[PDB]
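File shown: protein.cif (mmCIF, C-alpha atoms and all ligand atoms).
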data_entry
loop_
_atom_site.group_PDB
_atom_site.id
_atom_site.type_symbol
_atom_site.label_atom_id
_atom_site.label_comp_id
_atom_site.auth_asym_id
_atom_site.auth_seq_id
_atom_site.Cartn_x
_atom_site.Cartn_y
_atom_site.Cartn_z
ATOM 1 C CA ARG A 1 98.302 107.211 77.301
ATOM 2 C CA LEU A 2 98.133 109.564 74.250
ATOM 3 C CA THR A 3 95.773 112.582 74.484
ATOM 4 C CA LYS A 4 92.296 112.507 72.891
ATOM 5 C CA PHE A 5 93.384 115.792 71.315
ATOM 6 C CA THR A 6 96.510 114.290 69.744
ATOM 7 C CA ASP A 7 94.609 111.292 68.348
ATOM 8 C CA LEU A 8 91.871 113.534 66.998
ATOM 9 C CA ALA A 9 94.394 115.810 65.306
ATOM 10 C CA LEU A 10 95.886 112.756 63.667
ATOM 11 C CA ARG A 11 92.369 111.619 62.569
ATOM 12 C CA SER A 12 91.766 114.965 61.002
ATOM 13 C CA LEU A 13 95.070 114.843 59.065
ATOM 14 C CA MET A 14 94.304 111.315 57.902
ATOM 15 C CA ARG A 15 90.944 112.534 56.559
ATOM 16 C CA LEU A 16 92.647 115.417 54.754
ATOM 17 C CA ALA A 17 95.284 113.069 53.360
ATOM 18 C CA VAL A 18 92.736 111.062 51.332
ATOM 19 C CA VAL A 19 91.478 114.101 49.374
ATOM 20 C CA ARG A 20 92.061 113.205 45.701
ATOM 21 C CA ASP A 21 93.570 116.399 44.172
ATOM 22 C CA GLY A 22 90.560 118.248 42.669
ATOM 23 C CA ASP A 23 87.891 116.514 44.821
ATOM 24 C CA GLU A 24 87.081 119.366 47.228
ATOM 25 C CA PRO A 25 88.838 121.281 50.018
ATOM 26 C CA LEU A 26 86.764 119.956 52.955
ATOM 27 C CA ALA A 27 85.016 122.195 55.459
ATOM 28 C CA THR A 28 85.819 121.557 59.143
ATOM 29 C CA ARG A 29 82.263 120.313 59.428
ATOM 30 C CA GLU A 30 82.758 117.444 56.879
ATOM 31 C CA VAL A 31 85.984 116.451 58.632
ATOM 32 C CA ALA A 32 84.307 116.327 62.075
ATOM 33 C CA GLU A 33 81.313 114.314 60.780
ATOM 34 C CA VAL A 34 83.532 111.792 58.956
ATOM 35 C CA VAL A 35 86.015 111.209 61.853
ATOM 36 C CA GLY A 36 83.122 110.989 64.276
ATOM 37 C CA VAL A 37 83.528 113.955 66.679
ATOM 38 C CA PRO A 38 81.804 117.277 67.416
ATOM 39 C CA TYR A 39 82.623 120.344 65.331
ATOM 40 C CA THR A 40 84.200 122.208 68.251
ATOM 41 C CA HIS A 41 86.808 119.462 68.859
ATOM 42 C CA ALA A 42 87.695 119.224 65.189
ATOM 43 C CA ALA A 43 87.929 123.048 65.067
ATOM 44 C CA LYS A 44 90.689 123.127 67.716
ATOM 45 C CA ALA A 45 92.594 120.329 65.982
ATOM 46 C CA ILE A 46 92.527 122.037 62.557
ATOM 47 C CA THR A 47 93.698 125.435 63.942
ATOM 48 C CA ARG A 48 96.644 123.716 65.635
ATOM 49 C CA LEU A 49 97.499 121.839 62.436
ATOM 50 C CA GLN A 50 97.399 125.254 60.717
ATOM 51 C CA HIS A 51 99.751 126.629 63.454
ATOM 52 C CA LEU A 52 102.086 123.699 62.647
ATOM 53 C CA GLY A 53 101.865 124.286 58.873
ATOM 54 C CA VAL A 54 100.766 120.750 57.917
ATOM 55 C CA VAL A 55 97.326 122.030 56.766
ATOM 56 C CA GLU A 56 95.942 125.107 54.928
ATOM 57 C CA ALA A 57 93.489 126.090 51.983
ATOM 58 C CA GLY A 58 88.120 124.894 52.701
ATOM 59 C CA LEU A 59 90.910 122.676 54.066
ATOM 60 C CA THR A 60 93.923 120.895 52.604
ATOM 61 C CA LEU A 61 97.063 119.029 53.581
ATOM 62 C CA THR A 62 100.217 121.029 52.747
ATOM 63 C CA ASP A 63 103.473 119.980 51.054
ATOM 64 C CA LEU A 64 104.746 119.752 54.628
ATOM 65 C CA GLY A 65 101.692 117.729 55.784
ATOM 66 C CA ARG A 66 102.456 114.798 53.447
ATOM 67 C CA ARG A 67 106.085 114.379 54.378
ATOM 68 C CA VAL A 68 106.224 115.019 58.172
ATOM 69 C CA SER A 69 106.718 112.080 60.452
ATOM 70 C CA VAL A 70 104.033 110.794 62.793
ATOM 71 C CA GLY A 71 106.732 110.912 65.554
ATOM 72 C CA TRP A 72 107.227 114.616 64.959
ATOM 73 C CA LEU A 73 103.486 115.263 64.905
ATOM 74 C CA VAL A 74 102.962 113.412 68.193
ATOM 75 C CA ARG A 75 105.860 115.230 69.842
ATOM 76 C CA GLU A 76 104.434 118.559 68.731
ATOM 77 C CA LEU A 77 100.815 117.702 69.494
ATOM 78 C CA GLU A 78 101.625 116.310 72.957
ATOM 79 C CA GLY A 79 103.379 119.578 73.666
ATOM 80 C CA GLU A 80 103.904 120.285 77.353
ATOM 81 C CA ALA A 81 102.836 116.872 78.813
ATOM 82 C CA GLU A 82 105.666 114.695 80.140
ATOM 83 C CA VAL A 83 105.861 110.974 80.674
ATOM 84 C CA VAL A 84 105.621 111.509 84.439
ATOM 85 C CA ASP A 85 104.910 114.612 86.581
ATOM 86 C CA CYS A 86 107.693 114.841 89.204
ATOM 87 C CA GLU A 87 106.202 118.014 90.735
ATOM 88 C CA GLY A 88 102.415 118.298 90.820
ATOM 89 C CA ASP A 89 100.467 119.291 93.915
ATOM 90 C CA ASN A 90 102.698 117.046 96.010
ATOM 91 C CA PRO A 91 106.154 117.122 94.344
ATOM 92 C CA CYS A 92 108.419 114.084 94.452
ATOM 93 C CA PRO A 93 111.461 114.015 96.835
ATOM 94 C CA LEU A 94 113.518 111.978 94.352
ATOM 95 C CA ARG A 95 113.448 114.798 91.755
ATOM 96 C CA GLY A 96 116.923 115.312 90.270
ATOM 97 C CA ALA A 97 118.447 112.071 91.662
ATOM 98 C CA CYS A 98 115.953 109.743 90.078
ATOM 99 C CA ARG A 99 117.160 106.835 87.967
ATOM 100 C CA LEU A 100 113.531 105.921 87.169
ATOM 101 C CA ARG A 101 112.991 109.355 85.606
ATOM 102 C CA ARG A 102 115.989 108.754 83.296
ATOM 103 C CA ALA A 103 114.732 105.381 82.302
ATOM 104 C CA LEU A 104 111.337 106.821 81.462
ATOM 105 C CA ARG A 105 112.986 109.439 79.247
ATOM 106 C CA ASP A 106 114.764 106.662 77.343
ATOM 107 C CA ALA A 107 111.426 104.776 77.148
ATOM 108 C CA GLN A 108 109.529 107.736 75.856
ATOM 109 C CA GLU A 109 112.212 108.299 73.178
ATOM 110 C CA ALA A 110 111.879 104.713 72.142
ATOM 111 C CA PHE A 111 108.117 105.467 71.727
ATOM 112 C CA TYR A 112 108.629 108.460 69.381
ATOM 113 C CA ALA A 113 111.404 106.734 67.411
ATOM 114 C CA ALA A 114 109.071 103.891 66.531
ATOM 115 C CA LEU A 115 106.911 106.587 64.878
ATOM 116 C CA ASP A 116 109.674 108.619 63.105
ATOM 117 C CA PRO A 117 109.698 106.294 60.054
ATOM 118 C CA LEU A 118 106.019 106.849 59.321
ATOM 119 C CA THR A 119 104.197 109.696 57.634
ATOM 120 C CA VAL A 120 100.438 110.404 57.340
ATOM 121 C CA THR A 121 100.811 109.078 53.791
ATOM 122 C CA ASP A 122 101.876 105.711 55.253
ATOM 123 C CA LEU A 123 98.879 105.731 57.654
ATOM 124 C CA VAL A 124 96.295 106.232 54.869
ATOM 125 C CA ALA A 125 97.697 103.454 52.748
ATOM 126 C CA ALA A 126 95.288 100.518 52.893
ATOM 127 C CA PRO A 127 93.244 99.484 54.719
ATOM 128 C CA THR A 128 92.769 102.887 56.246
ATOM 129 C CA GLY A 129 92.602 105.186 53.227
ATOM 130 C CA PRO A 130 89.820 103.239 51.542
ATOM 131 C CA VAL A 131 87.771 103.250 54.773
ATOM 132 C CA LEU A 132 88.034 107.044 55.092
ATOM 133 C CA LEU A 133 86.915 107.471 51.516
ATOM 134 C CA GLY A 134 84.261 104.816 52.222
ATOM 135 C CA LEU A 135 82.996 106.991 55.121
ATOM 136 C CA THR A 136 82.386 109.883 52.604
ATOM 137 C CA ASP A 137 80.183 107.629 50.357
ATOM 138 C CA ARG B 1 101.597 109.766 80.234
ATOM 139 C CA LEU B 2 102.240 107.143 82.988
ATOM 140 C CA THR B 3 99.682 106.924 85.840
ATOM 141 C CA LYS B 4 100.325 108.612 89.212
ATOM 142 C CA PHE B 5 99.479 105.190 90.636
ATOM 143 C CA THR B 6 102.135 103.400 88.578
ATOM 144 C CA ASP B 7 104.829 105.947 89.476
ATOM 145 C CA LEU B 8 103.881 105.803 93.140
ATOM 146 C CA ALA B 9 104.025 102.010 93.158
ATOM 147 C CA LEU B 10 107.490 102.242 91.685
ATOM 148 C CA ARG B 11 108.469 104.824 94.377
ATOM 149 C CA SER B 12 107.297 102.487 97.057
ATOM 150 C CA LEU B 13 109.336 99.569 95.641
ATOM 151 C CA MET B 14 112.398 101.791 95.362
ATOM 152 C CA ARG B 15 112.020 102.699 99.052
ATOM 153 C CA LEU B 16 111.709 99.024 99.984
ATOM 154 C CA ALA B 17 114.716 98.159 97.835
ATOM 155 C CA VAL B 18 117.109 100.255 99.959
ATOM 156 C CA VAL B 19 116.321 98.380 103.202
ATOM 157 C CA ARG B 20 119.694 97.025 104.392
ATOM 158 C CA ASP B 21 118.943 93.399 105.445
ATOM 159 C CA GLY B 22 118.322 93.617 109.227
ATOM 160 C CA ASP B 23 117.460 97.360 109.292
ATOM 161 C CA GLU B 24 113.678 97.122 109.767
ATOM 162 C CA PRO B 25 110.659 95.925 107.769
ATOM 163 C CA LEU B 26 109.050 99.347 107.144
ATOM 164 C CA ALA B 27 105.449 100.151 107.997
ATOM 165 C CA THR B 28 103.312 101.549 105.151
ATOM 166 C CA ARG B 29 103.344 104.798 107.078
ATOM 167 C CA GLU B 30 107.189 105.196 106.903
ATOM 168 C CA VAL B 31 107.096 104.407 103.184
ATOM 169 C CA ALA B 32 104.386 107.027 102.494
ATOM 170 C CA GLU B 33 106.175 109.727 104.545
ATOM 171 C CA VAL B 34 109.543 109.069 102.862
ATOM 172 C CA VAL B 35 108.220 108.992 99.238
ATOM 173 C CA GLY B 36 106.120 112.053 99.949
ATOM 174 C CA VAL B 37 102.465 110.936 99.584
ATOM 175 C CA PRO B 38 99.443 110.316 101.827
ATOM 176 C CA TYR B 39 99.069 106.995 103.633
ATOM 177 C CA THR B 40 95.959 106.003 101.675
ATOM 178 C CA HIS B 41 97.762 106.239 98.298
ATOM 179 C CA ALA B 42 100.748 104.273 99.537
ATOM 180 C CA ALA B 43 98.341 101.685 101.023
ATOM 181 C CA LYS B 44 96.807 100.909 97.605
ATOM 182 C CA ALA B 45 100.241 100.669 95.988
ATOM 183 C CA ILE B 46 101.600 98.224 98.600
ATOM 184 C CA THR B 47 98.529 95.908 98.408
ATOM 185 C CA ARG B 48 98.915 95.731 94.624
ATOM 186 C CA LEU B 49 102.637 95.003 94.950
ATOM 187 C CA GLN B 50 101.614 92.228 97.374
ATOM 188 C CA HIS B 51 99.088 90.951 94.745
ATOM 189 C CA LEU B 52 102.003 90.894 92.258
ATOM 190 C CA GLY B 53 104.336 89.105 94.706
ATOM 191 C CA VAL B 54 107.197 91.638 94.557
ATOM 192 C CA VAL B 55 106.625 92.641 98.226
ATOM 193 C CA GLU B 56 105.702 90.877 101.511
ATOM 194 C CA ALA B 57 106.800 90.666 105.307
ATOM 195 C CA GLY B 58 106.186 95.267 108.344
ATOM 196 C CA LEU B 59 107.116 95.367 104.644
ATOM 197 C CA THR B 60 109.860 93.872 102.493
ATOM 198 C CA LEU B 61 110.898 93.361 98.893
ATOM 199 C CA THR B 62 110.701 89.678 97.872
ATOM 200 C CA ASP B 63 113.167 87.471 95.973
ATOM 201 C CA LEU B 64 110.915 88.255 93.013
ATOM 202 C CA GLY B 65 110.909 92.019 93.778
ATOM 203 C CA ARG B 66 114.684 92.367 93.265
ATOM 204 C CA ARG B 67 114.877 90.611 89.935
ATOM 205 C CA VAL B 68 111.704 91.698 88.046
ATOM 206 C CA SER B 69 112.066 94.150 85.229
ATOM 207 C CA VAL B 70 110.767 97.703 85.389
ATOM 208 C CA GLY B 71 109.114 96.989 81.971
ATOM 209 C CA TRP B 72 107.176 94.107 83.472
ATOM 210 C CA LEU B 73 106.172 96.160 86.504
ATOM 211 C CA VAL B 74 104.910 99.027 84.337
ATOM 212 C CA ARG B 75 102.977 96.661 82.083
ATOM 213 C CA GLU B 76 101.348 95.070 85.111
ATOM 214 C CA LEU B 77 100.764 98.320 86.986
ATOM 215 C CA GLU B 78 99.289 100.089 83.941
ATOM 216 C CA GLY B 79 96.893 97.186 83.634
ATOM 217 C CA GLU B 80 93.817 97.931 81.549
ATOM 218 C CA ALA B 81 94.837 101.372 80.120
ATOM 219 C CA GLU B 82 95.773 101.405 76.428
ATOM 220 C CA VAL B 83 97.880 103.816 74.449
ATOM 221 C CA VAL B 84 94.736 105.208 72.809
ATOM 222 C CA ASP B 85 90.997 104.637 73.459
ATOM 223 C CA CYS B 86 89.386 103.741 70.102
ATOM 224 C CA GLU B 87 85.920 103.389 71.681
ATOM 225 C CA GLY B 88 85.048 105.756 74.521
ATOM 226 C CA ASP B 89 81.808 107.716 74.683
ATOM 227 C CA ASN B 90 82.131 108.507 70.984
ATOM 228 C CA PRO B 91 83.866 105.478 69.392
ATOM 229 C CA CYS B 92 86.172 105.914 66.415
ATOM 230 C CA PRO B 93 84.975 104.932 62.874
ATOM 231 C CA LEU B 94 88.477 103.806 61.868
ATOM 232 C CA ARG B 95 88.495 101.016 64.497
ATOM 233 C CA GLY B 96 89.810 97.775 62.976
ATOM 234 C CA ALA B 97 91.191 99.364 59.760
ATOM 235 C CA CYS B 98 93.481 101.807 61.472
ATOM 236 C CA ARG B 99 97.149 101.941 60.523
ATOM 237 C CA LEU B 100 97.742 104.582 63.227
ATOM 238 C CA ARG B 101 96.520 102.152 65.896
ATOM 239 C CA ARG B 102 99.099 99.579 64.705
ATOM 240 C CA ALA B 103 101.853 102.100 64.759
ATOM 241 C CA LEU B 104 100.956 103.103 68.294
ATOM 242 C CA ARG B 105 101.110 99.459 69.376
ATOM 243 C CA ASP B 106 104.633 99.218 67.952
ATOM 244 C CA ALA B 107 105.478 102.523 69.713
ATOM 245 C CA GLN B 108 104.149 101.399 73.030
ATOM 246 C CA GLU B 109 106.174 98.156 72.753
ATOM 247 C CA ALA B 110 109.252 100.181 72.065
ATOM 248 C CA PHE B 111 108.438 102.031 75.354
ATOM 249 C CA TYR B 112 108.253 98.852 77.494
ATOM 250 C CA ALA B 113 111.292 97.269 75.814
ATOM 251 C CA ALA B 114 113.436 100.219 76.813
ATOM 252 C CA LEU B 115 112.503 99.284 80.407
ATOM 253 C CA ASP B 116 112.906 95.450 80.193
ATOM 254 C CA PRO B 117 116.680 95.614 80.860
ATOM 255 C CA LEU B 118 116.243 97.401 84.177
ATOM 256 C CA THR B 119 115.291 96.133 87.605
ATOM 257 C CA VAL B 120 114.420 98.060 90.806
ATOM 258 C CA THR B 121 117.953 97.163 91.903
ATOM 259 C CA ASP B 122 119.290 99.163 88.933
ATOM 260 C CA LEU B 123 117.030 102.134 89.832
ATOM 261 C CA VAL B 124 118.309 102.376 93.436
ATOM 262 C CA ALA B 125 121.930 102.296 92.404
ATOM 263 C CA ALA B 126 123.374 105.781 92.864
ATOM 264 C CA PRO B 127 122.389 108.538 92.940
ATOM 265 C CA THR B 128 118.940 107.369 93.876
ATOM 266 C CA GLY B 129 119.596 104.792 96.587
ATOM 267 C CA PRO B 130 121.660 107.147 98.723
ATOM 268 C CA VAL B 131 118.955 109.841 98.477
ATOM 269 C CA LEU B 132 116.252 107.437 99.690
ATOM 270 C CA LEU B 133 118.398 106.425 102.621
ATOM 271 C CA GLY B 134 119.205 110.131 103.073
ATOM 272 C CA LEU B 135 115.439 110.819 103.334
ATOM 273 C CA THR B 136 115.262 108.375 106.344
ATOM 274 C CA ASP B 137 118.035 110.305 108.233
HETATM 275 S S1 LIG C 1 109.863 108.637 91.415
HETATM 276 FE FE1 LIG C 1 111.218 109.656 89.836
HETATM 277 S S2 LIG C 1 109.970 109.631 87.921
HETATM 278 FE FE2 LIG C 1 108.540 109.262 89.722
HETATM 279 S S3 LIG C 1 107.782 111.362 90.264
HETATM 280 FE FE3 LIG C 1 109.611 110.878 91.523
HETATM 281 S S4 LIG C 1 111.434 111.851 90.443
HETATM 282 FE FE4 LIG C 1 109.700 111.634 89.015
HETATM 283 S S1 LIG C 2 92.237 107.087 64.738
HETATM 284 FE FE1 LIG C 2 92.938 104.898 65.026
HETATM 285 S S2 LIG C 2 94.150 104.944 66.965
HETATM 286 FE FE2 LIG C 2 92.842 106.870 66.881
HETATM 287 S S3 LIG C 2 90.931 106.290 68.016
HETATM 288 FE FE3 LIG C 2 90.631 105.903 65.796
HETATM 289 S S4 LIG C 2 91.076 103.640 65.453
HETATM 290 FE FE4 LIG C 2 91.978 104.330 67.403
HETATM 291 CL CL CL C 3 116.580 113.784 85.157
HETATM 292 CL CL CL C 4 94.503 96.828 65.358
#
Transcribe the structure of this file into structure tokens.
Amino acid sequence: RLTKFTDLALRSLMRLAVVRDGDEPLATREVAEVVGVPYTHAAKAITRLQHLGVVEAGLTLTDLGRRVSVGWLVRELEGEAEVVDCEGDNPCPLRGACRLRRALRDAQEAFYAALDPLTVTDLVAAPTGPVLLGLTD
Amino acid sequence: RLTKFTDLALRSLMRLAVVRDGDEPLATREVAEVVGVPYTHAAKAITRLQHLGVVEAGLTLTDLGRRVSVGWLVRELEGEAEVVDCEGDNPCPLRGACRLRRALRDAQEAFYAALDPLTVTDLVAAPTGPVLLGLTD
């Protein structure tokens, strides 16, 4: 499962990607209302996207924002989280001699590689882009 | 992220896969001690694996248990959970016109397909199988 935070960050970028140059740099508020979350959640997401350099401005998508891959974004946004936790409160005795762990690393790489060919631009092509714009009508 | 329950079910199968024919059908207890969890957690996992038909017996791996793919097991064990929740407490307005959702479906399929070539047999090949047996020494 992907984090709510990761998905929401992606939603926010999608919303910023449909801004027709010379429409308006959106406020965080407008973004949060349109993508259907509270302000506070959207606020976190935007500040992170600013940390990453994919947004700036009033808010805008950067040169970088348009061209980065969705794979890269998810990798960055997922941050620390791993596919499995081999040492939580009760750490696993197979740690370090685990063939399953290796397989899950390969599987998780397959996941990100399926997303490397896409950009946010590709995600706001139709039908999605129109619906976002539709939601600001 | 994979569920603790899914990983633990896989741990339990791995433990059952190293039983040298005519060693001993393990009790749930022995499995839970060896894979490093409480009895109650292991108990759930085993009953599910019995529902799926990959274990039986005193506990044993079935004919089916040896040959099923790790991909199939994870798909079954993950059950209901989806890659993203497009309708939780605050459902997403992009539902049904979301290019991101489609991409994440492709990504998640890439994840399982990386695991389709493996079986539990492949996971308890070395170094893992020896360590499990080592943990019953
Ligand atoms: S069984 Fe393997 S992947 Fe699962 S927690 Fe243990 S070391 Fe990690
Ligand atoms: S942005 Fe797309 S994938 Fe994310 S919750 Fe909304 S419909 Fe689902
Ligand atoms: Cl490893
Ligand atoms: Cl869909």
For this session: Using all atoms listed in the file, find the one residue out of A:2, A:13, A:35, A:113 that sits nearest to residue 47 of chain A.
Result: A:13
For this session: Kindly determine which residues of chain A lie within 7 Å of chain B, considering all atoms listed in the file, and give the answer as a PyMOL selection string.
Result: chain A and resi 1-2+35-36+82-84+92-93+97-100+103+106-108+110-112+114-115+123+127-128
Just need chain A moved onto chain B: least-squares over all Cα atoms matched in order, then output as a compact mmCIF listing (two decimals) with C-alpha atoms, in the frame of the given file.
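See result03.txt below for the written result:
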# COMPACT_ATOMS: atom_id res chain seq x y z
CA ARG A 1 101.60 109.77 80.23
CA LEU A 2 102.24 107.14 82.99
CA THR A 3 99.68 106.92 85.84
CA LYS A 4 100.32 108.61 89.21
CA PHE A 5 99.48 105.19 90.64
CA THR A 6 102.14 103.40 88.58
CA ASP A 7 104.83 105.95 89.48
CA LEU A 8 103.88 105.80 93.14
CA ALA A 9 104.02 102.01 93.16
CA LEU A 10 107.49 102.24 91.69
CA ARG A 11 108.47 104.82 94.38
CA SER A 12 107.30 102.49 97.06
CA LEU A 13 109.34 99.57 95.64
CA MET A 14 112.40 101.79 95.36
CA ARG A 15 112.02 102.70 99.05
CA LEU A 16 111.71 99.02 99.98
CA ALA A 17 114.72 98.16 97.83
CA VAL A 18 117.11 100.25 99.96
CA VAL A 19 116.32 98.38 103.20
CA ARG A 20 119.69 97.03 104.39
CA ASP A 21 118.94 93.40 105.45
CA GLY A 22 118.32 93.62 109.23
CA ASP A 23 117.46 97.36 109.29
CA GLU A 24 113.68 97.12 109.77
CA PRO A 25 110.66 95.93 107.77
CA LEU A 26 109.05 99.35 107.14
CA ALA A 27 105.45 100.15 108.00
CA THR A 28 103.31 101.55 105.15
CA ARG A 29 103.34 104.80 107.08
CA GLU A 30 107.19 105.20 106.90
CA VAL A 31 107.10 104.41 103.18
CA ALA A 32 104.39 107.03 102.49
CA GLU A 33 106.17 109.73 104.55
CA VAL A 34 109.54 109.07 102.86
CA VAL A 35 108.22 108.99 99.24
CA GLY A 36 106.12 112.05 99.95
CA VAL A 37 102.47 110.94 99.58
CA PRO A 38 99.44 110.32 101.83
CA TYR A 39 99.07 107.00 103.63
CA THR A 40 95.96 106.00 101.67
CA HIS A 41 97.76 106.24 98.30
CA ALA A 42 100.75 104.27 99.54
CA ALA A 43 98.34 101.69 101.02
CA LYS A 44 96.81 100.91 97.60
CA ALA A 45 100.24 100.67 95.99
CA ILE A 46 101.60 98.22 98.60
CA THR A 47 98.53 95.91 98.41
CA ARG A 48 98.91 95.73 94.62
CA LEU A 49 102.64 95.00 94.95
CA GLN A 50 101.61 92.23 97.37
CA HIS A 51 99.09 90.95 94.75
CA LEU A 52 102.00 90.89 92.26
CA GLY A 53 104.34 89.10 94.71
CA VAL A 54 107.20 91.64 94.56
CA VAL A 55 106.63 92.64 98.23
CA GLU A 56 105.70 90.88 101.51
CA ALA A 57 106.80 90.67 105.31
CA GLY A 58 106.19 95.27 108.34
CA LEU A 59 107.12 95.37 104.64
CA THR A 60 109.86 93.87 102.49
CA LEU A 61 110.90 93.36 98.89
CA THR A 62 110.70 89.68 97.87
CA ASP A 63 113.17 87.47 95.97
CA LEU A 64 110.92 88.25 93.01
CA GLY A 65 110.91 92.02 93.78
CA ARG A 66 114.68 92.37 93.27
CA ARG A 67 114.88 90.61 89.94
CA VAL A 68 111.70 91.70 88.05
CA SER A 69 112.07 94.15 85.23
CA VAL A 70 110.77 97.70 85.39
CA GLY A 71 109.11 96.99 81.97
CA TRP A 72 107.18 94.11 83.47
CA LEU A 73 106.17 96.16 86.50
CA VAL A 74 104.91 99.03 84.34
CA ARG A 75 102.98 96.66 82.08
CA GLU A 76 101.35 95.07 85.11
CA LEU A 77 100.76 98.32 86.99
CA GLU A 78 99.29 100.09 83.94
CA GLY A 79 96.89 97.19 83.63
CA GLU A 80 93.82 97.93 81.55
CA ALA A 81 94.84 101.37 80.12
CA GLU A 82 95.77 101.41 76.43
CA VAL A 83 97.88 103.82 74.45
CA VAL A 84 94.74 105.21 72.81
CA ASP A 85 91.00 104.64 73.46
CA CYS A 86 89.39 103.74 70.10
CA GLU A 87 85.92 103.39 71.68
CA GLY A 88 85.05 105.76 74.52
CA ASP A 89 81.81 107.72 74.68
CA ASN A 90 82.13 108.51 70.98
CA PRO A 91 83.87 105.48 69.39
CA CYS A 92 86.17 105.91 66.42
CA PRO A 93 84.98 104.93 62.87
CA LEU A 94 88.48 103.81 61.87
CA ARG A 95 88.50 101.02 64.50
CA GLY A 96 89.81 97.78 62.98
CA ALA A 97 91.19 99.36 59.76
CA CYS A 98 93.48 101.81 61.47
CA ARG A 99 97.15 101.94 60.52
CA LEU A 100 97.74 104.58 63.23
CA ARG A 101 96.52 102.15 65.90
CA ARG A 102 99.10 99.58 64.71
CA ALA A 103 101.85 102.10 64.76
CA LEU A 104 100.96 103.10 68.29
CA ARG A 105 101.11 99.46 69.38
CA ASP A 106 104.63 99.22 67.95
CA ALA A 107 105.48 102.52 69.71
CA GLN A 108 104.15 101.40 73.03
CA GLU A 109 106.17 98.16 72.75
CA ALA A 110 109.25 100.18 72.07
CA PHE A 111 108.44 102.03 75.35
CA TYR A 112 108.25 98.85 77.49
CA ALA A 113 111.29 97.27 75.81
CA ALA A 114 113.44 100.22 76.81
CA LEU A 115 112.50 99.28 80.41
CA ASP A 116 112.91 95.45 80.19
CA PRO A 117 116.68 95.61 80.86
CA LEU A 118 116.24 97.40 84.18
CA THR A 119 115.29 96.13 87.60
CA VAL A 120 114.42 98.06 90.81
CA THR A 121 117.95 97.16 91.90
CA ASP A 122 119.29 99.16 88.93
CA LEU A 123 117.03 102.13 89.83
CA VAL A 124 118.31 102.38 93.44
CA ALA A 125 121.93 102.30 92.40
CA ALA A 126 123.37 105.78 92.86
CA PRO A 127 122.39 108.54 92.94
CA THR A 128 118.94 107.37 93.88
CA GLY A 129 119.60 104.79 96.59
CA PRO A 130 121.66 107.15 98.72
CA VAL A 131 118.96 109.84 98.48
CA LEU A 132 116.25 107.44 99.69
CA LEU A 133 118.40 106.42 102.62
CA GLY A 134 119.21 110.13 103.07
CA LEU A 135 115.44 110.82 103.33
CA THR A 136 115.26 108.38 106.34
CA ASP A 137 118.04 110.30 108.23
Exercise. Once the PyMOL selection byres (((chain B and resi 49) around 12) and not hetatm) has been applied to the shown file, what residues remain in the selection, as a PyMOL selection string?
Worked result: chain B and resi 5-6+8-14+16+42-48+50-57+59-62+64-65+68+73-74+76-77
Edge lengths and centre in Å, axis-aligned, ligand LIG 1 (chain C) plus 8 Å each side, as JSON:
{"center_x": 109.6, "center_y": 110.2, "center_z": 89.7, "size_x": 19.7, "size_y": 19.2, "size_z": 19.6}
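One distance worth recording is that between atom CA of residue 67 of chain A and atom CA of residue 40 of chain A, which is 27.1 Å.
Our summary of the geometry notes that atom CA of residue 26 of chain A is positioned 18.3 Å from atom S1 of ligand LIG 2 (chain C).
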For this session: Enter the distance from atom CL of ligand CL 3 (chain C) to atom CA of residue 133 of chain B, in Å, rounded to one decimal.
Result: 19.0 Å
